[PDB]
Amino acid sequence: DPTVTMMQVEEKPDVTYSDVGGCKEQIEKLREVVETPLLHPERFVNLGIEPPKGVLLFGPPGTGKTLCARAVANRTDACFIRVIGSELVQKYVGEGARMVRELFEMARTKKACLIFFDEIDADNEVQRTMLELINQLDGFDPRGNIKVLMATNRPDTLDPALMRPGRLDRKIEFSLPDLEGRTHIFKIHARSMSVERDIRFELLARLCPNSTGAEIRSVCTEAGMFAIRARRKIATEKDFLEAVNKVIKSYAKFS
Amino acid sequence: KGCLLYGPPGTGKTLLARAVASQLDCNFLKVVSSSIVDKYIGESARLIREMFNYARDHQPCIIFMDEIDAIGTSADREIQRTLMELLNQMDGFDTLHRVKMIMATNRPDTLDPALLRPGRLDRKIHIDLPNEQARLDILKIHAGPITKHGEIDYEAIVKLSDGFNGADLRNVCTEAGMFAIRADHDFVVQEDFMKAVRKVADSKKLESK
Amino acid sequence: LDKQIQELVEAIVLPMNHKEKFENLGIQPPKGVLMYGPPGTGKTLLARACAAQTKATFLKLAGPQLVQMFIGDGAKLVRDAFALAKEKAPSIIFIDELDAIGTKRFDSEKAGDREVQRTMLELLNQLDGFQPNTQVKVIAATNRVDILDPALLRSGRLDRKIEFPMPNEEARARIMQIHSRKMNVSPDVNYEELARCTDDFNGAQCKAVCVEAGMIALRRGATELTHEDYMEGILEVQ
């Protein structure tokens, strides 16, 4: 069993829905396709032709690796199978077909398990993987109703100009940073090491305007590295405030 | 080694190459006008010596060039190159008794004046009348297996469908048979026959671009 | 599935079953059919939806399938389709977007569409040059009549050029009653306003309109699709 097989199975429920903020319309448009079709299968079959297939998530990174985490946490306790994009473009090409067929075979073993491809943004060696990848995802052999969603940073548009008008639709954006949306990501970062609740979350959220999810992730990451660096017991902004304004301003200069 | 059969009025000489080829061909070697794209730097010489070298190695070789009007700045320099290779193909010590080709076009203004020079297109005959007697002959000797009504006139169907070919008239009569087989009857009224001549022949006249 | 079954089913059954009439009358059946016209009909998803209704063998063949990064593979896929189709059991092949590759430029220095005309006109070479075409035929269709290939005038080639105009209320009602002939249709859909608002919308985009109508029908409370939900989906996608 290769490492991709043992790591491909997703466990340890990550970030949950509590980060609902800012781009609420599109996160609902992509939530009602991963949650509702599997939770309510009878009124979607009796409702008409077929339930929604999926959406597309391109554009700016913003709060990436948090919305797919939300889709993993909000699962119905039947964990699905996700695929990273780094496994597609690797040395010794040709095994991509055996991989994309063995994960569909594992989906058959897991009663039509959902398949997700993360970071698709990673020349016949690529043409066989994208043309055969369309011949497998858009093909009715494994299943045509499990899951189709490409959450990534770059679309890498090779043939979407004519392969977009079909089973895939709902061209939308990923997310966008707002002033009042970051307090929810801080509220889910409260689930980390015990932080003194006397420090208001809005006080820390209003001093970093136009901060994407990755920038505040670097706030609660570099603040943790410089917090364990300070050799203290509890985390208080009066100590790593230089790490906060330094990590939002020194990174806000170029990003 | 080469002949030119162009008609200033009308088009459809490729269907004439399909008439001679559908009458007696016996040698299958086709070259299409879409093989001289030359999107690369340009090396048509080795393609001419290679393909025509295979024409030297292969006894069955009868070519039919069609749709040369759209392929006729450096747009003409490649035509002078491939044409100088033609002169290299029927002006050197080549087996002229084994090669045979026919060029076709669609318009009388794009007749490639460079190709109009002798040595390249030796035999050139302008077709102002599409051989009404050979058309009537083709209808008489191609109207055997098709069963129609007793009252039939050949000169009327010849006169109503002209300008393209006599084998195209054969396609009009066999088209009327293709509608009579849709009307599940051997002999029928000539009204539907005139609908196939007028609608099908005039549809050819409309979409004959 | 409904407004085109005689030309399809007859045109695929007659060259194998009506051979007795072919020998008794000496008449060959038509081979090529062209489902052209302005968009809005959905020839791709509806023609493919009818290929499964033919109950015969089917083989997929799209645009980016024949076009490969290397050269010489076009003839390999043509003779391969003649191996499975011409050699194996009779299959159905439906290609689309033939007008985009039928461009005939005057400057012959940079055009890939003319190499697609080398593979395509090589198929026409293997259809006009090969008289025994009684076996598996070739079916093509175009979404526009801007650049039509003049060399498609033959019985083996695309002869039965069936014109399909803009999907008017009658035509949109036909293809939309084919697309909605089995699902739960409430007895209140006049199809007038929603069939009028379907402008510049292909059958795939109209199927997406049907999906968007199939989206809010859970929060509307009614388990059956209503009249205003179609135009709600139209004004929802555009």
# chains A, B, ... in the order shown; residues from 1 in each chain; ligands from 1
>>> interface_residues(of="chain A", to="chain C", cutoff="12 Å", atoms="only C-alpha atoms", output="PyMOL selection string")
chain A and resi 29+32-33+36-37+40-54+123-128+130-132+134-135+139+158-172
>>> closest_atom_pairs(of="chain C", to="chain B", cutoff="9 Å", atoms="only C-alpha atoms", output="Markdown table")
| residue | atom | partner | partner_atom | distance |
| --- | --- | --- | --- | --- |
| C:21 | CA | B:181 | CA | 8.0 |
| C:22 | CA | B:181 | CA | 8.7 |
| C:25 | CA | B:146 | CA | 6.8 |
| C:26 | CA | B:145 | CA | 6.2 |
| C:27 | CA | B:178 | CA | 6.2 |
| C:28 | CA | B:178 | CA | 7.1 |
| C:29 | CA | B:178 | CA | 6.8 |
| C:30 | CA | B:178 | CA | 7.9 |
| C:104 | CA | B:70 | CA | 6.7 |
| C:105 | CA | B:70 | CA | 6.6 |
| C:106 | CA | B:70 | CA | 5.1 |
| C:107 | CA | B:75 | CA | 6.0 |
| C:108 | CA | B:37 | CA | 5.6 |
| C:109 | CA | B:39 | CA | 5.2 |
| C:110 | CA | B:39 | CA | 4.9 |
| C:111 | CA | B:39 | CA | 7.0 |
| C:112 | CA | B:37 | CA | 8.1 |
| C:114 | CA | B:34 | CA | 5.8 |
| C:115 | CA | B:34 | CA | 6.5 |
| C:116 | CA | B:34 | CA | 8.7 |
| C:117 | CA | B:34 | CA | 6.1 |
| C:118 | CA | B:34 | CA | 5.1 |
| C:119 | CA | B:34 | CA | 8.9 |
| C:121 | CA | B:32 | CA | 7.3 |
| C:122 | CA | B:32 | CA | 7.7 |
| C:125 | CA | B:30 | CA | 7.6 |
| C:128 | CA | B:18 | CA | 8.3 |
| C:129 | CA | B:28 | CA | 8.1 |
| C:131 | CA | B:22 | CA | 8.8 |
| C:149 | CA | B:209 | CA | 8.7 |
| C:150 | CA | B:209 | CA | 5.6 |
| C:151 | CA | B:67 | CA | 8.6 |
| C:153 | CA | B:204 | CA | 7.9 |
| C:154 | CA | B:171 | CA | 8.9 |
| C:155 | CA | B:171 | CA | 8.4 |
>>> select_by_dssp(residues="stretch 12-251 of chain A", states="helix (DSSP H, G or I)", output="ChimeraX atom specification")
/A:17-19,24-31,36-39,42-45,67-73,85-87,95-109,124-137,160-163,182-189,201-205,213-229,237-249
>>> residues_around(residues="stretch 11-17 of chain A", least_positions_apart="2", cutoff="8 Å", atoms="only C-alpha atoms", output="PyMOL selection string")
chain A and resi 9+19-20+66+69-74+79+188
>>> residues_around(residues="residue C:168", least_positions_apart="5", cutoff="12 Å", atoms="only C-alpha atoms", output="short mmCIF file (atom, residue, chain, number, x, y, z; two decimals) with N, CA, C and O atoms, in the first residue's frame")
data_model
loop_
_atom_site.label_atom_id
_atom_site.label_comp_id
_atom_site.auth_asym_id
_atom_site.auth_seq_id
_atom_site.Cartn_x
_atom_site.Cartn_y
_atom_site.Cartn_z
N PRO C 38 -29.44 27.20 -36.07
CA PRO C 38 -29.06 28.07 -34.95
C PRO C 38 -29.10 27.31 -33.64
O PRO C 38 -29.76 26.26 -33.53
N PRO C 39 -28.40 27.79 -32.61
CA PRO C 39 -28.40 27.09 -31.32
C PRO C 39 -29.75 27.14 -30.62
O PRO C 39 -30.71 27.73 -31.13
N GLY C 40 -29.83 26.53 -29.44
CA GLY C 40 -31.06 26.46 -28.68
C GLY C 40 -31.79 25.14 -28.76
O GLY C 40 -32.71 24.91 -27.97
N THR C 41 -31.41 24.26 -29.69
CA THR C 41 -32.06 22.97 -29.81
C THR C 41 -31.46 21.94 -28.87
O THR C 41 -32.18 21.11 -28.31
N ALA C 173 -41.33 24.09 -27.14
CA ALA C 173 -42.31 23.23 -26.47
C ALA C 173 -42.06 21.76 -26.79
O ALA C 173 -42.27 20.89 -25.94
N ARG C 174 -41.61 21.47 -28.01
CA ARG C 174 -41.31 20.09 -28.38
C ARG C 174 -40.11 19.56 -27.60
O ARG C 174 -40.22 18.56 -26.88
N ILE C 175 -38.96 20.22 -27.74
CA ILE C 175 -37.76 19.74 -27.07
C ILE C 175 -37.87 19.87 -25.55
O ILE C 175 -37.20 19.12 -24.82
N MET C 176 -38.70 20.79 -25.06
CA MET C 176 -38.88 20.94 -23.62
C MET C 176 -39.90 19.96 -23.06
O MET C 176 -39.84 19.64 -21.86
N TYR C 191 -45.80 27.34 -20.41
CA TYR C 191 -44.58 27.32 -21.22
C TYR C 191 -44.45 28.54 -22.11
O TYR C 191 -43.49 28.65 -22.88
N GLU C 192 -45.38 29.49 -22.00
CA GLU C 192 -45.38 30.65 -22.89
C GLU C 192 -44.29 31.64 -22.51
O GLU C 192 -43.38 31.92 -23.31
N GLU C 193 -44.36 32.18 -21.29
CA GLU C 193 -43.37 33.17 -20.86
C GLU C 193 -41.99 32.54 -20.72
O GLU C 193 -40.99 33.10 -21.17
N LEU C 194 -41.91 31.36 -20.09
CA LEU C 194 -40.62 30.71 -19.90
C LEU C 194 -40.04 30.20 -21.21
O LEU C 194 -38.82 30.22 -21.39
N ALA C 195 -40.89 29.75 -22.14
CA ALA C 195 -40.39 29.36 -23.45
C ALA C 195 -40.03 30.57 -24.30
O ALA C 195 -39.26 30.43 -25.26
N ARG C 196 -40.56 31.75 -23.97
CA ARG C 196 -40.18 32.97 -24.68
C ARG C 196 -38.86 33.53 -24.16
O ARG C 196 -38.05 34.04 -24.94
N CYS C 197 -38.63 33.44 -22.85
CA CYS C 197 -37.40 33.96 -22.26
C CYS C 197 -36.17 33.13 -22.61
O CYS C 197 -35.05 33.57 -22.33
N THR C 198 -36.35 31.94 -23.19
CA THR C 198 -35.22 31.09 -23.57
C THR C 198 -34.63 31.61 -24.88
O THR C 198 -34.93 31.13 -25.98
N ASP C 199 -33.76 32.61 -24.75
CA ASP C 199 -33.07 33.21 -25.89
C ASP C 199 -31.57 33.01 -25.73
O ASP C 199 -31.02 33.24 -24.65
N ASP C 200 -30.93 32.58 -26.81
CA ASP C 200 -29.48 32.32 -26.83
C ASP C 200 -29.08 31.34 -25.73
O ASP C 200 -28.04 31.47 -25.09
#
>>> residues_around(residues="residue C:49", least_positions_apart="6", cutoff="12 Å", atoms="only C-alpha atoms", output="PDB file with N, CA, C and O atoms, in the first residue's frame")
ATOM      1  N   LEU C   1     -36.141  12.766 -28.528  1.00  0.00           N
ATOM      2  CA  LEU C   1     -36.656  11.421 -28.299  1.00  0.00           C
ATOM      3  C   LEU C   1     -38.008  11.227 -28.979  1.00  0.00           C
ATOM      4  O   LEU C   1     -38.405  10.101 -29.277  1.00  0.00           O
ATOM      5  N   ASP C   2     -38.710  12.332 -29.220  1.00  0.00           N
ATOM      6  CA  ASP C   2     -40.048  12.302 -29.795  1.00  0.00           C
ATOM      7  C   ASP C   2     -40.117  12.923 -31.182  1.00  0.00           C
ATOM      8  O   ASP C   2     -40.643  12.302 -32.111  1.00  0.00           O
ATOM      9  N   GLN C   4     -37.847  13.442 -33.357  1.00  0.00           N
ATOM     10  CA  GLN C   4     -36.961  12.865 -34.369  1.00  0.00           C
ATOM     11  C   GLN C   4     -36.744  11.393 -34.020  1.00  0.00           C
ATOM     12  O   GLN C   4     -35.818  11.053 -33.280  1.00  0.00           O
ATOM     13  N   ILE C   5     -37.606  10.533 -34.559  1.00  0.00           N
ATOM     14  CA  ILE C   5     -37.435   9.089 -34.423  1.00  0.00           C
ATOM     15  C   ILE C   5     -37.594   8.345 -35.738  1.00  0.00           C
ATOM     16  O   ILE C   5     -37.082   7.215 -35.871  1.00  0.00           O
ATOM     17  N   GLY C  42     -30.143  21.994 -28.663  1.00  0.00           N
ATOM     18  CA  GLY C  42     -29.480  21.012 -27.826  1.00  0.00           C
ATOM     19  C   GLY C  42     -29.155  19.720 -28.539  1.00  0.00           C
ATOM     20  O   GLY C  42     -29.396  18.637 -27.991  1.00  0.00           O
ATOM     21  N   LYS C  43     -28.609  19.805 -29.754  1.00  0.00           N
ATOM     22  CA  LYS C  43     -28.360  18.611 -30.556  1.00  0.00           C
ATOM     23  C   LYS C  43     -27.375  17.662 -29.885  1.00  0.00           C
ATOM     24  O   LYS C  43     -27.406  16.453 -30.144  1.00  0.00           O
ATOM     25  N   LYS C  55     -30.894   1.845 -28.862  1.00  0.00           N
ATOM     26  CA  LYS C  55     -30.659   0.517 -28.301  1.00  0.00           C
ATOM     27  C   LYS C  55     -29.528  -0.233 -28.997  1.00  0.00           C
ATOM     28  O   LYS C  55     -29.330  -1.426 -28.736  1.00  0.00           O
ATOM     29  N   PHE C  58     -22.913   2.191 -29.061  1.00  0.00           N
ATOM     30  CA  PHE C  58     -22.562   3.601 -29.124  1.00  0.00           C
ATOM     31  C   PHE C  58     -21.100   3.784 -28.753  1.00  0.00           C
ATOM     32  O   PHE C  58     -20.587   3.108 -27.857  1.00  0.00           O
ATOM     33  N   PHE C  94     -21.585  10.054 -33.222  1.00  0.00           N
ATOM     34  CA  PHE C  94     -22.162  11.383 -33.395  1.00  0.00           C
ATOM     35  C   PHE C  94     -21.117  12.423 -33.015  1.00  0.00           C
ATOM     36  O   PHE C  94     -20.761  12.552 -31.838  1.00  0.00           O
ATOM     37  N   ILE C 175     -38.959  20.221 -27.738  1.00  0.00           N
ATOM     38  CA  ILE C 175     -37.755  19.745 -27.065  1.00  0.00           C
ATOM     39  C   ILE C 175     -37.866  19.870 -25.553  1.00  0.00           C
ATOM     40  O   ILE C 175     -37.203  19.123 -24.822  1.00  0.00           O
ATOM     41  N   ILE C 178     -39.888  16.955 -24.465  1.00  0.00           N
ATOM     42  CA  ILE C 178     -39.011  15.790 -24.470  1.00  0.00           C
ATOM     43  C   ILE C 178     -38.112  15.804 -23.240  1.00  0.00           C
ATOM     44  O   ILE C 178     -37.900  14.770 -22.594  1.00  0.00           O
ATOM     45  N   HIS C 179     -37.574  16.976 -22.892  1.00  0.00           N
ATOM     46  CA  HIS C 179     -36.754  17.094 -21.692  1.00  0.00           C
ATOM     47  C   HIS C 179     -37.577  16.988 -20.415  1.00  0.00           C
ATOM     48  O   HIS C 179     -37.025  16.645 -19.365  1.00  0.00           O
ATOM     49  N   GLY C 203     -29.335  23.729 -25.428  1.00  0.00           N
ATOM     50  CA  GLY C 203     -30.003  22.673 -24.685  1.00  0.00           C
ATOM     51  C   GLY C 203     -29.291  22.298 -23.401  1.00  0.00           C
ATOM     52  O   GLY C 203     -29.928  21.867 -22.437  1.00  0.00           O
ATOM     53  N   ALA C 204     -27.965  22.452 -23.367  1.00  0.00           N
ATOM     54  CA  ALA C 204     -27.233  22.228 -22.126  1.00  0.00           C
ATOM     55  C   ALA C 204     -27.510  23.340 -21.123  1.00  0.00           C
ATOM     56  O   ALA C 204     -27.703  23.076 -19.930  1.00  0.00           O
TER      57      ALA C 204
END
>>> residues_around(residues="residue A:97", least_positions_apart="6", cutoff="10 Å", atoms="only C-alpha atoms", output="ChimeraX atom specification")
/A:88,103,128-129,132-133,136
>>> residues_around(residues="stretch 87-104 of chain B", least_positions_apart="4", cutoff="6 Å", atoms="only C-alpha atoms", output="PDB file with C-alpha atoms, in the first residue's frame")
ATOM      1  CA  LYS B   1       0.996  12.993 -66.734  1.00  0.00           C
ATOM      2  CA  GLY B   2      -1.541  15.772 -66.249  1.00  0.00           C
ATOM      3  CA  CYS B   3      -4.716  17.263 -67.707  1.00  0.00           C
ATOM      4  CA  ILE B  62      -3.835   7.763 -60.396  1.00  0.00           C
ATOM      5  CA  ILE B  63      -4.229  11.039 -58.514  1.00  0.00           C
ATOM      6  CA  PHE B  64      -7.148  13.491 -58.479  1.00  0.00           C
ATOM      7  CA  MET B  65      -6.370  16.948 -57.096  1.00  0.00           C
ATOM      8  CA  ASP B  66      -9.490  18.828 -55.996  1.00  0.00           C
TER       9      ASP B  66
END
